[PDB]
Amino acid sequence: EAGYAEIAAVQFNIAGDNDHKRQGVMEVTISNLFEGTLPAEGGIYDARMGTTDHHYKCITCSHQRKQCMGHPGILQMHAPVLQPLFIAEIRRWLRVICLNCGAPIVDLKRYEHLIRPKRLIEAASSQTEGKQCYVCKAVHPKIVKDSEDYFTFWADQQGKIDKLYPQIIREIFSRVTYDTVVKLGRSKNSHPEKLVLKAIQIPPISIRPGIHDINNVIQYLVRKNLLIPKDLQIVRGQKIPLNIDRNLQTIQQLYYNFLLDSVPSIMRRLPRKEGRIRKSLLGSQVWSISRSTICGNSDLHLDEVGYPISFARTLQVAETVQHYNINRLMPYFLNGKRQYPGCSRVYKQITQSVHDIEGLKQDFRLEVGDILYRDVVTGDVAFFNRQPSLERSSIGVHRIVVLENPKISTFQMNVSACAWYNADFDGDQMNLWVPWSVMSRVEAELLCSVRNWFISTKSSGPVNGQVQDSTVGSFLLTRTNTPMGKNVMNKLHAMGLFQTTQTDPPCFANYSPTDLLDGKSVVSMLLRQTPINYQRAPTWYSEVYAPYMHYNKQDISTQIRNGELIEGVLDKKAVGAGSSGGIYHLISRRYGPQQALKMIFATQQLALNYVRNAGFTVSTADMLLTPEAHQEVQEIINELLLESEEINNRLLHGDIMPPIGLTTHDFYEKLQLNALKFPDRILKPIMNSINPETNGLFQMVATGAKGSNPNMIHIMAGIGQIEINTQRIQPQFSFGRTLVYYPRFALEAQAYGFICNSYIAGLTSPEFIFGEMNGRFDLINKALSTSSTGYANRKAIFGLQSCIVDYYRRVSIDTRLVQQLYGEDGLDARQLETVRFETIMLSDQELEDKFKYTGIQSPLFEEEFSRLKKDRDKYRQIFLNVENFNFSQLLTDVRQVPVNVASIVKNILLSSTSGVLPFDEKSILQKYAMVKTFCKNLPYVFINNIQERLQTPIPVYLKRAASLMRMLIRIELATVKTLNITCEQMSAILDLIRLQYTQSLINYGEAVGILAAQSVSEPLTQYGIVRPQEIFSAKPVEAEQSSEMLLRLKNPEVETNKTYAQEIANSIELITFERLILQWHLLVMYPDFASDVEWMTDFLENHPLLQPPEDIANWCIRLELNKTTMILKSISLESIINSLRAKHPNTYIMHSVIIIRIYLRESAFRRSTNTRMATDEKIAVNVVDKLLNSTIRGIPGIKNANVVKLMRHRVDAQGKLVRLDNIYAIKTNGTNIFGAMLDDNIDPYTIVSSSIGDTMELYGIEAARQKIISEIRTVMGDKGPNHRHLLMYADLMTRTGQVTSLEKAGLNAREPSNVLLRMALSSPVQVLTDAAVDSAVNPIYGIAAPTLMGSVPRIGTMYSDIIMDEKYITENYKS
Amino acid sequence: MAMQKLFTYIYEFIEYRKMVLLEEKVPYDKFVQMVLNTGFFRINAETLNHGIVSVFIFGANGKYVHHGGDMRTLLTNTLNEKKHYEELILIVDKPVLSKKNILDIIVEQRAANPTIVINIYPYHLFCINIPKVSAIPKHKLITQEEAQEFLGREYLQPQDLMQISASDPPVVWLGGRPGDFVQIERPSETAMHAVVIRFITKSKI
Amino acid sequence: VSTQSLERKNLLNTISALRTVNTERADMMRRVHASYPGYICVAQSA
Amino acid sequence: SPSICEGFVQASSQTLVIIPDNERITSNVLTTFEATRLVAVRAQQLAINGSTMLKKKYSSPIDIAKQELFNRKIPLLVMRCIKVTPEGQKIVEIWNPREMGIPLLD
Amino acid sequence: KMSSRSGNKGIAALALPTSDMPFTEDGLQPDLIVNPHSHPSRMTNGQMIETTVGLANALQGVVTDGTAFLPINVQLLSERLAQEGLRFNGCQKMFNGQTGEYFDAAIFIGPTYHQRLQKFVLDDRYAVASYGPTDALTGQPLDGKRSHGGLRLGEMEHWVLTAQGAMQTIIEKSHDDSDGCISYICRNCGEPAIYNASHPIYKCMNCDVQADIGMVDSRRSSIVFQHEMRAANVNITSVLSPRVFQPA
Amino acid sequence: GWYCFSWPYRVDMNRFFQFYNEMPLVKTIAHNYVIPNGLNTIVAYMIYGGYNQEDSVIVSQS
Ligand SMILES: [Mg+2]
Ligand SMILES: [Zn+2]
Ligand SMILES: [Zn+2]
């Protein structure tokens, strides 16, 4: 009879007496807890307030303990009590109304121009004590809050001190008219009288089971209530006995502590990580789940997990018995709990009960409609989870393989699947649950399968590939020469490589037992299933190793043509994990991620089955240098130490002069750090000692399977200099010693962390200690890895999680646009391919030769080429500008696009039955129109095919979204490139371009704000220092610690001269007045001033124009100017003097001919009327302080300025885009954009600051949006996320017109009405308190609001509503 | 160098806003002498709708800035003349914007004149040709009809859009009033360029 | 008093527990200090 | 003085406005979310009834539902809620999965 | 988990019979097979020197001292192998136990001291079923294996499942498996109502004749949460989604 | 290992006694003062089927 409903909004209010008296189901009268077995009627445990005991039902709803939610009760307090949460509210209501009549004392028509939730506080802010009423002429007394408690107020009538008891407060508030409340900020539901309570609510027993410690505070409160007289009356200023005063303050204290004690409190349950919201509402404890240690199993597919049989008989899968599965479920039912696979329970629907299978009837049958809870079998899907769950590949769905060996207790999975979970097999544990519901089982298989996470959402590239044994084993397999000669195997061993891949075996019928097969021939047999085209150089070929090692020419160029490996080895570059553009990324792009996972497993077995016949090992002799090569390393190290000693001997003679800016200490250490670096020739003795064809340590490093060149050098040759914070070992053992082993001010390089020994030789005690110091730093920073990004992750998610994709591919927060199109292109990050645009860099002549078609003389081929130029120029113009407002972000001709149109064309040129087609103008003319019309209708990919047929107008923002793909199609489908393609083959290409473009669009209802928060918080692990905390907190300019600027020079011709750049770089820097002064004194005068009176003499005769003027009272601020700095930066005395009396016309300087003596005037002191302690001592220092800060030369805020060399592009006179390297500019230390525009030596249109606040203040919100993207991008580093996850932070933080933060302040500004989201973030009690006094309506949207209300977000599978097709069922089904 | 930059870019601002000048342009030294003596420099312009826009450039030390009474006198004597006013731009130094007083006279003169736009801006808004800055995307004002058809196709209310302040430098150079819509064309590193539409809200002051 | 349970996993753990000393600042005091050699094991930590 | 429930007025009932077929703006291709939800709902409802027009016989509700989606026999419609007017309307688009593109659900 | 004295810890992943393990030409076969890829990044060279030294100790019949910071010479320790009849590198011709085929490479095999770390898989292994002990207040399972309760899908796991769009899994785990329940709310006032199908109760304690009860799916810890907010005098009113009707 | 020599006279919680222990073939000075707890396992450093990948080992069931 109760229909299905969903909560649409939640309204918050203040509960009064009537609400408690109408919601309450009973009144607490007695203090008896239990009369007998049952709870006492009328006590705090009464059965009307719900049942927490399993013997008796609830009296109210007649439900058991499980279905009863509890019901509230009423306690009629004998004395009115203040509401503990809104005490402040009470205070700020006692200040704005008259205590005798209720009419307001302040003017109602003064605060009305402000927003409602503020004017009440503003009115309470102004002082009101001493003011008098107008209708009753009663002077409003002072309201003073007590400091001995949290609730009692005192009325102070000019010294008359009275205690405002809550009865008096209710009487005062009862006379406040509703218009006073409405027209001064609050709502009709926030009338102040509701702030004093005579009937409190005893919470339902379901909130306080354990018949807890809250039950004591409720019991104590009821007992001391009974002591108070039933009809106690309180009047203003009336005398009361002190025992009553104790009882009144005792019940109020008990009630205040019942709610807000130490925020056993009702409100203490909410706040922290273990509180109600984060632990119980935002998390969960769940059933039907398992956990175990994970272990490797190379015989499992990448989307399979090995499940122990003991676990398979614990966890179950619910099967509703129907006519189509009665025969399949019977064997499970008959096996029961004794044979595998069996079952555990049956749910009979005709009795509505669950029967265990062993203690089950003998006349039992499986009816249609029963639910059989059977075991977990091979082929069932399962959610696999490794914590911390930091990305959306951290939970993936695997097909279950049941391990029927009873001695195995581990979760087994393939080693190439560990990239999803960032797991290894050193003792990691992972969670696993098997979906038992049908709906949860469908979406596990269709949505959450691990093939969906093969391409990273963070980085758009592949996640999985070969690791460590199939990387070094694929190298050995495809290696051209073995130490035994050619790398071949007979037919039997070629067949044996495939006997494990679980694919269909190839045909070896055209092979005799003695026929030899190359390693590439066997790999080609497997790659023919998914023919791809690949050509890169392998990791094996390194120019580092080339001088000292012979490479086989048919190994150093991997090439694959239609699945045939023509040449080259397969290693980390091609088959590795995370290798963009490798074998499996290309297979995924043509055949799907599931087909790529199947090929990773299949090539893994060829690699592993090769090594089980070739062997692979590492020994101690792989790490050992020849005695001849040991002397070569010692020679190289002595050269390092000899060059280090040469610097020290220059220090002995004082011959080390630092540059302008560095001290002698920091220049000496920079010289030492660089003089103690290992030369690239250190690998000559390493590569002379080893055989690359057999050395297993080298082959793990060289193929990219494991290790690096510094690891090989450290083991074999030497460790070298220890750098900590890119610095040597700093003396921390008592003032000039690094360790107790080295003397104070030791000059040897060993004293500061230079290790001359390799690991294989054995370190000494000082070298071991320095290496221990270096190692401990890395552990500590890795310990900050978890904590620092974890806190920033949660604040990023709560600021971003409400961003969800609309039906327009927009990003909104429930209605409010954050992005007009998701990512500005509307695409999924998992569906992008990096493609080269090959017209960007061409010149006007190259472009005309390559792309202009001269075969047919028609105006259509002039127009076809003109659009190629226009797209070329437009691309140049946009991304040349992007280069201007960035520091070091250069133009590129390679973009990420949904569709690789070049590969689509060539893969159709090869599978064609036609060769070079004959010339045919009609075919060429027909093809051009079909490409032209396809590009014109391309933006309809973003709408649908109905509007494309009708050719309705396209929105401008959808025209712009298809601009890159329109440009790419016109390049790769140009007439000069599709000559051989038939018109029938062109329609096939266009259809496949449009299909792949539709498949790459972002889904409706995708939580893309969570995707951005996950994707950007991951590169912060390898970084959470101050700079991220300044971007995300929207800190102002003055709060910055690393502010910079990049000033271009005034002229493209003058940018070349470095000397000219140095001239300007010195001008702009802040040389203030302090640093010019070496000595200064603030003051028959003082001694040593005979020069000053002599300065008085000669200065006056120089020019009689000016003298000590009529206003000079009593002060002598004499200074002297350092002359070295004046020569250092070419300051002039004329400049200093003219500067001082052009900003401060309160002085006469008497510059003399270096000394300076500033005098002042009496007129400078008397316009301090806003200051009434203005003496002579302070104001003289104050004007010195205002004079010392006077800018002598430069731009304020520019502390330093260096000249840097910039890499920039430019279009030549021939139309070619060249990258100019010989460009100089200025990189200041500190930002002042407006200061740089008031300057003719700096180009004002390309001033780049690293400050978001300075850019916003000067340029606007759209320039601050671009600045946020750039400033996040630098912090991300080199493996930062996709660009659309950065547009998500920037578009959210600037959606309101101002830059808001990802903190609670920003969430309050962006989503003020979402109370439940804001409570979940930081501090529920303060958020809830504000919401109650504001009558806040909270619509349910996003994630956190529905989660706290017990519902599920309308997101993903629940974004669109399903309705039943009546018109199809009435004409196809029967009752 | 604020005044030399102003003397060029205020006229570039007047030209960018499609206004003709109602006076003769004085040499720069005459401009500085009037600002130093009179306390302000007045520039008149005529819009396409035959409205008069007056721009006041104030010195960083004049009596009209430090004392609210003189500013009030100037505002009353300027708003009482026989011209069809449309907007008053008052260009002041940046600290003047943190001084509460002059802002209060601005709010009273807004209240006392509901059909005249009184705006006060800092110096940096007119010391450079703002539309030609590289970092600033291309802003444009769209008509109410185009915005209405866009919102009707999108099923949006004007409050659902992203919003831009009326005192945003490009919106100031456009002449964007609250309630108007500004279409912005911006560079994109994913789609090579994008278009958004923002809703002009009330100014900072 | 700061005490711990004598978790005798092996005799080495027993001997090690009886010689264990217990305590940007949070990262500054977890370092290997130049005064440790000879008194605190440079290698042994968590 | 009163209770909050006094001034509380429940949200007024809405009229379902259905955009005509030629003015629909959303894509004629099921999203992966929508196809997953259709198959899940249909599989559970097959666990309830078992009546289907699929010609081939399967022993699971999930296989039947998947083949019904693929072979365009699934008796469900997709309602895409475009807007809720404050005059009291609910503008939606009705999409027939029998006539739409089905995403790649490997 | 096993470990050598150099800190190279590892989980036992596979156990092979005697006839499946590799064997040298002399019949020597391993107890452990460790991957060579655990060495180069970890740079645990003392484990490889220990195997080289210990390989000649066993044939010589001696136990030698390999204390840190003693003078060592790996070149002379490798020559000690060749004098004892082995190869310089300590590697041997080895056969595949499954097929009987020799590897085309000598394999480095010898005695390395290993330890068992006291992390037993049987102690960490855990699995629950659909039912068990339940917390009195929230109604959720207890905390972990010690209490025979359930395991936790925390806050960050709901972020991942929301990012994936897996909402029917969130119902199954956080509602059908943690603490889901049915809440009843009156349409006309937004307050909780009282509904009982059997023993028919259909009443609202705020309307009592205008009661219009609709059942909303909730979970018990959320209802506890709303009662804890009402107990602190903050009134929570739930506006239900309005009825929708086709025209005419 | 041999976690104590009085284990039969104790009632402990989660304590493991290992039957067989060996002196290392390459011992250090620390074994002059603590009882060794381990075995001199014969270890092969080799790729064998891919089951020892990423910090796993293959053990002899015998
Ligand atoms: Mg691990
Ligand atoms: Zn009940
Ligand atoms: Zn009701």
# chains A, B, ... in the order shown; residues from 1 in each chain; ligands from 1

call {"tool": "residues_around", "arguments": {"residues": "residue 116 of chain B", "least_positions_apart": "6", "cutoff": "7 Å", "atoms": "only C-alpha atoms", "output": "compact mmCIF listing (two decimals) with C-alpha atoms, in the first residue's frame"}}
result
# COMPACT_ATOMS: atom_id res chain seq x y z
CA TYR B 85 24.35 60.57 -19.84
CA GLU B 86 24.79 56.83 -20.25
CA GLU B 87 27.80 55.96 -18.06

call {"tool": "residues_near_ligand", "arguments": {"ligand": "ligand 2", "cutoff": "9 Å", "atoms": "only C-alpha atoms and all ligand atoms", "output": "list in words"}}
result
residues 47, 48, 49, 50, 51, 57, 58, 59, 60, 61, 62, 63, 64, 65, 67, 68, 69, 70 and 71 of chain A; 194 of chain E

call {"tool": "interface_residues", "arguments": {"of": "chain B", "to": "chain D", "cutoff": "10 Å", "atoms": "only C-alpha atoms", "output": "list in words"}}
result
residues 153, 154, 155 and 156 of chain B

call {"tool": "write_last_selection", "arguments": {"atoms": "N, CA and C atoms", "output": "tab-separated table (two decimals), in the first residue's frame"}}
result
chain	number	residue	atom	x	y	z
B	153	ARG	N	17.51	26.27	-27.02
B	153	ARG	CA	18.01	25.00	-27.54
B	153	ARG	C	18.64	24.16	-26.44
B	154	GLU	N	19.32	24.80	-25.50
B	154	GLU	CA	20.02	24.09	-24.44
B	154	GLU	C	19.17	23.80	-23.22
B	155	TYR	N	17.93	24.29	-23.18
B	155	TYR	CA	17.05	24.14	-22.01
B	155	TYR	C	17.72	24.67	-20.75
B	156	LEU	N	18.32	25.85	-20.87
B	156	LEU	CA	19.07	26.46	-19.79
B	156	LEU	C	18.42	27.77	-19.38

call {"tool": "closest_atom_pairs", "arguments": {"of": "chain E", "to": "ligand 3", "cutoff": "9 Å", "atoms": "only C-alpha atoms and all ligand atoms", "output": "tab-separated table"}}
result
residue	atom	partner	partner_atom_place_in_ligand_line	distance
E:185	CA	ligand 3	1 (Zn)	7.6
E:186	CA	ligand 3	1 (Zn)	4.4
E:187	CA	ligand 3	1 (Zn)	6.4
E:188	CA	ligand 3	1 (Zn)	5.0
E:189	CA	ligand 3	1 (Zn)	4.4
E:190	CA	ligand 3	1 (Zn)	6.5
E:191	CA	ligand 3	1 (Zn)	6.1
E:192	CA	ligand 3	1 (Zn)	7.8
E:193	CA	ligand 3	1 (Zn)	6.8
E:203	CA	ligand 3	1 (Zn)	8.0
E:204	CA	ligand 3	1 (Zn)	4.8
E:205	CA	ligand 3	1 (Zn)	6.6
E:206	CA	ligand 3	1 (Zn)	4.8
E:207	CA	ligand 3	1 (Zn)	4.4
E:208	CA	ligand 3	1 (Zn)	6.9
E:209	CA	ligand 3	1 (Zn)	8.4
E:210	CA	ligand 3	1 (Zn)	6.5
E:211	CA	ligand 3	1 (Zn)	4.9
E:212	CA	ligand 3	1 (Zn)	6.8
E:213	CA	ligand 3	1 (Zn)	7.7

call {"tool": "write_last_selection", "arguments": {"atoms": "N, CA, C and O atoms", "output": "PDB file, in the first residue's frame"}}
result
ATOM      1  N   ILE E 185       8.111   7.533   4.732  1.00  0.00           N
ATOM      2  CA  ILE E 185       8.037   8.975   4.900  1.00  0.00           C
ATOM      3  C   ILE E 185       6.682   9.448   4.402  1.00  0.00           C
ATOM      4  O   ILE E 185       6.197   8.982   3.367  1.00  0.00           O
ATOM      5  N   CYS E 186       6.064  10.359   5.144  1.00  0.00           N
ATOM      6  CA  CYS E 186       4.796  10.929   4.718  1.00  0.00           C
ATOM      7  C   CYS E 186       5.022  11.978   3.635  1.00  0.00           C
ATOM      8  O   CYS E 186       5.912  12.823   3.743  1.00  0.00           O
ATOM      9  N   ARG E 187       4.214  11.911   2.577  1.00  0.00           N
ATOM     10  CA  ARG E 187       4.300  12.903   1.510  1.00  0.00           C
ATOM     11  C   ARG E 187       3.981  14.297   2.028  1.00  0.00           C
ATOM     12  O   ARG E 187       4.670  15.268   1.700  1.00  0.00           O
ATOM     13  N   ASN E 188       2.931  14.417   2.836  1.00  0.00           N
ATOM     14  CA  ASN E 188       2.369  15.715   3.172  1.00  0.00           C
ATOM     15  C   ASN E 188       3.200  16.512   4.163  1.00  0.00           C
ATOM     16  O   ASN E 188       3.011  17.727   4.257  1.00  0.00           O
ATOM     17  N   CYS E 189       4.102  15.880   4.901  1.00  0.00           N
ATOM     18  CA  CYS E 189       4.885  16.594   5.893  1.00  0.00           C
ATOM     19  C   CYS E 189       6.371  16.292   5.848  1.00  0.00           C
ATOM     20  O   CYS E 189       7.144  17.015   6.486  1.00  0.00           O
ATOM     21  N   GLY E 190       6.799  15.259   5.132  1.00  0.00           N
ATOM     22  CA  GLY E 190       8.207  14.954   5.032  1.00  0.00           C
ATOM     23  C   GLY E 190       8.815  14.311   6.253  1.00  0.00           C
ATOM     24  O   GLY E 190      10.036  14.146   6.302  1.00  0.00           O
ATOM     25  N   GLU E 191       8.022  13.947   7.224  1.00  0.00           N
ATOM     26  CA  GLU E 191       8.525  13.322   8.430  1.00  0.00           C
ATOM     27  C   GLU E 191       8.458  11.812   8.302  1.00  0.00           C
ATOM     28  O   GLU E 191       7.698  11.283   7.488  1.00  0.00           O
ATOM     29  N   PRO E 192       9.253  11.080   9.076  1.00  0.00           N
ATOM     30  CA  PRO E 192       9.108   9.624   9.097  1.00  0.00           C
ATOM     31  C   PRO E 192       7.712   9.220   9.540  1.00  0.00           C
ATOM     32  O   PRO E 192       7.117   9.834  10.426  1.00  0.00           O
ATOM     33  N   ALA E 193       7.192   8.181   8.910  1.00  0.00           N
ATOM     34  CA  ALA E 193       5.878   7.648   9.218  1.00  0.00           C
ATOM     35  C   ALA E 193       6.023   6.265   9.834  1.00  0.00           C
ATOM     36  O   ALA E 193       7.127   5.763  10.052  1.00  0.00           O
ATOM     37  N   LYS E 203      -0.004   5.029   9.517  1.00  0.00           N
ATOM     38  CA  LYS E 203      -0.291   6.271  10.216  1.00  0.00           C
ATOM     39  C   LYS E 203       0.923   7.181  10.215  1.00  0.00           C
ATOM     40  O   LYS E 203       2.069   6.726  10.212  1.00  0.00           O
ATOM     41  N   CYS E 204       0.644   8.477  10.220  1.00  0.00           N
ATOM     42  CA  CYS E 204       1.631   9.522  10.420  1.00  0.00           C
ATOM     43  C   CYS E 204       1.280  10.279  11.691  1.00  0.00           C
ATOM     44  O   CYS E 204       0.126  10.670  11.887  1.00  0.00           O
ATOM     45  N   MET E 205       2.268  10.480  12.562  1.00  0.00           N
ATOM     46  CA  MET E 205       2.049  11.177  13.823  1.00  0.00           C
ATOM     47  C   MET E 205       2.085  12.690  13.661  1.00  0.00           C
ATOM     48  O   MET E 205       2.225  13.420  14.648  1.00  0.00           O
ATOM     49  N   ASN E 206       1.954  13.174  12.429  1.00  0.00           N
ATOM     50  CA  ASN E 206       1.892  14.598  12.141  1.00  0.00           C
ATOM     51  C   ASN E 206       0.664  14.998  11.344  1.00  0.00           C
ATOM     52  O   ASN E 206       0.295  16.178  11.375  1.00  0.00           O
ATOM     53  N   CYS E 207       0.030  14.074  10.629  1.00  0.00           N
ATOM     54  CA  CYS E 207      -1.198  14.336   9.888  1.00  0.00           C
ATOM     55  C   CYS E 207      -2.361  13.494  10.387  1.00  0.00           C
ATOM     56  O   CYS E 207      -3.428  14.036  10.701  1.00  0.00           O
ATOM     57  N   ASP E 208      -2.184  12.176  10.431  1.00  0.00           N
ATOM     58  CA  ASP E 208      -3.079  11.199  11.048  1.00  0.00           C
ATOM     59  C   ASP E 208      -4.369  10.983  10.264  1.00  0.00           C
ATOM     60  O   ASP E 208      -5.070   9.990  10.486  1.00  0.00           O
ATOM     61  N   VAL E 209      -4.679  11.876   9.328  1.00  0.00           N
ATOM     62  CA  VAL E 209      -5.721  11.623   8.336  1.00  0.00           C
ATOM     63  C   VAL E 209      -5.288  11.982   6.931  1.00  0.00           C
ATOM     64  O   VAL E 209      -5.867  11.466   5.958  1.00  0.00           O
ATOM     65  N   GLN E 210      -4.281  12.835   6.765  1.00  0.00           N
ATOM     66  CA  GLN E 210      -3.730  13.177   5.463  1.00  0.00           C
ATOM     67  C   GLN E 210      -2.453  12.404   5.173  1.00  0.00           C
ATOM     68  O   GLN E 210      -1.635  12.839   4.357  1.00  0.00           O
ATOM     69  N   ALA E 211      -2.267  11.266   5.835  1.00  0.00           N
ATOM     70  CA  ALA E 211      -1.054  10.478   5.678  1.00  0.00           C
ATOM     71  C   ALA E 211      -0.972   9.918   4.268  1.00  0.00           C
ATOM     72  O   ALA E 211      -1.925   9.312   3.772  1.00  0.00           O
ATOM     73  N   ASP E 212       0.172  10.131   3.622  1.00  0.00           N
ATOM     74  CA  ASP E 212       0.457   9.605   2.289  1.00  0.00           C
ATOM     75  C   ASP E 212       1.871   9.045   2.354  1.00  0.00           C
ATOM     76  O   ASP E 212       2.842   9.761   2.108  1.00  0.00           O
ATOM     77  N   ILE E 213       1.984   7.771   2.693  1.00  0.00           N
ATOM     78  CA  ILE E 213       3.269   7.158   2.996  1.00  0.00           C
ATOM     79  C   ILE E 213       3.853   6.551   1.730  1.00  0.00           C
ATOM     80  O   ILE E 213       3.176   5.804   1.017  1.00  0.00           O
TER      81      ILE E 213
END

call {"tool": "interface_residues", "arguments": {"of": "chain D", "to": "chain E", "cutoff": "8 Å", "atoms": "only C-alpha atoms", "output": "mmCIF file with N, CA and C atoms, in the first residue's frame"}}
result
data_model
loop_
_atom_site.group_PDB
_atom_site.id
_atom_site.type_symbol
_atom_site.label_atom_id
_atom_site.label_comp_id
_atom_site.auth_asym_id
_atom_site.auth_seq_id
_atom_site.Cartn_x
_atom_site.Cartn_y
_atom_site.Cartn_z
ATOM 1 N N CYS D 5 6.039 21.130 9.735
ATOM 2 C CA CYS D 5 5.105 20.460 8.841
ATOM 3 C C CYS D 5 3.902 21.321 8.484
ATOM 4 N N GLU D 6 3.629 22.381 9.246
ATOM 5 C CA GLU D 6 2.506 23.268 8.965
ATOM 6 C C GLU D 6 2.679 23.956 7.620
ATOM 7 N N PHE D 8 4.899 23.321 5.429
ATOM 8 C CA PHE D 8 5.407 22.420 4.404
ATOM 9 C C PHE D 8 4.293 22.102 3.420
ATOM 10 N N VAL D 9 4.547 22.345 2.140
ATOM 11 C CA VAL D 9 3.668 21.909 1.065
ATOM 12 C C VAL D 9 4.458 20.945 0.195
ATOM 13 N N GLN D 10 3.895 19.766 -0.039
ATOM 14 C CA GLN D 10 4.587 18.756 -0.818
ATOM 15 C C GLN D 10 4.773 19.234 -2.253
ATOM 16 N N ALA D 11 5.828 18.734 -2.886
ATOM 17 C CA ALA D 11 6.105 19.095 -4.268
ATOM 18 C C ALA D 11 4.925 18.715 -5.144
ATOM 19 N N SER D 12 4.438 19.677 -5.920
ATOM 20 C CA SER D 12 3.265 19.449 -6.745
ATOM 21 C C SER D 12 3.559 18.403 -7.810
ATOM 22 N N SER D 13 2.529 17.646 -8.172
ATOM 23 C CA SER D 13 2.677 16.620 -9.188
ATOM 24 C C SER D 13 3.048 17.249 -10.526
ATOM 25 N N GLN D 14 3.711 16.460 -11.362
ATOM 26 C CA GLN D 14 4.252 16.935 -12.623
ATOM 27 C C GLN D 14 3.527 16.305 -13.801
ATOM 28 N N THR D 15 3.584 16.992 -14.935
ATOM 29 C CA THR D 15 3.111 16.474 -16.207
ATOM 30 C C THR D 15 4.315 16.030 -17.017
ATOM 31 N N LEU D 16 4.233 14.841 -17.599
ATOM 32 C CA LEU D 16 5.317 14.295 -18.404
ATOM 33 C C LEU D 16 5.192 14.838 -19.820
ATOM 34 N N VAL D 17 6.080 15.755 -20.189
ATOM 35 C CA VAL D 17 6.158 16.264 -21.550
ATOM 36 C C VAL D 17 7.170 15.425 -22.312
ATOM 37 N N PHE D 33 26.554 2.788 -20.204
ATOM 38 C CA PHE D 33 25.727 2.783 -19.002
ATOM 39 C C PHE D 33 24.295 2.360 -19.309
ATOM 40 N N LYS D 90 7.898 17.968 -16.815
ATOM 41 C CA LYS D 90 9.092 17.133 -16.874
ATOM 42 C C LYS D 90 9.307 16.793 -18.341
#

call {"tool": "interface_residues", "arguments": {"of": "chain F", "to": "chain E", "cutoff": "10 Å", "atoms": "only C-alpha atoms", "output": "number ranges by chain"}}
result
F: 1, 14-16, 18, 21-31, 36-48, 50-62

call {"tool": "residues_near_ligand", "arguments": {"ligand": "ligand 1", "cutoff": "7 Å", "atoms": "only C-alpha atoms and all ligand atoms", "output": "MDAnalysis selection string"}}
result
chainID A and resid 423:428

call {"tool": "interface_residues", "arguments": {"of": "chain C", "to": "chain F", "cutoff": "7 Å", "atoms": "only C-alpha atoms", "output": "list in words"}}
result
residues 8, 9, 10, 11 and 12 of chain C

call {"tool": "residues_around", "arguments": {"residues": "residue 44 of chain D", "least_positions_apart": "2", "cutoff": "8 Å", "atoms": "only C-alpha atoms", "output": "list in words"}}
result
residues 438 and 439 of chain A; 40, 41, 42, 46, 47, 48 and 61 of chain D
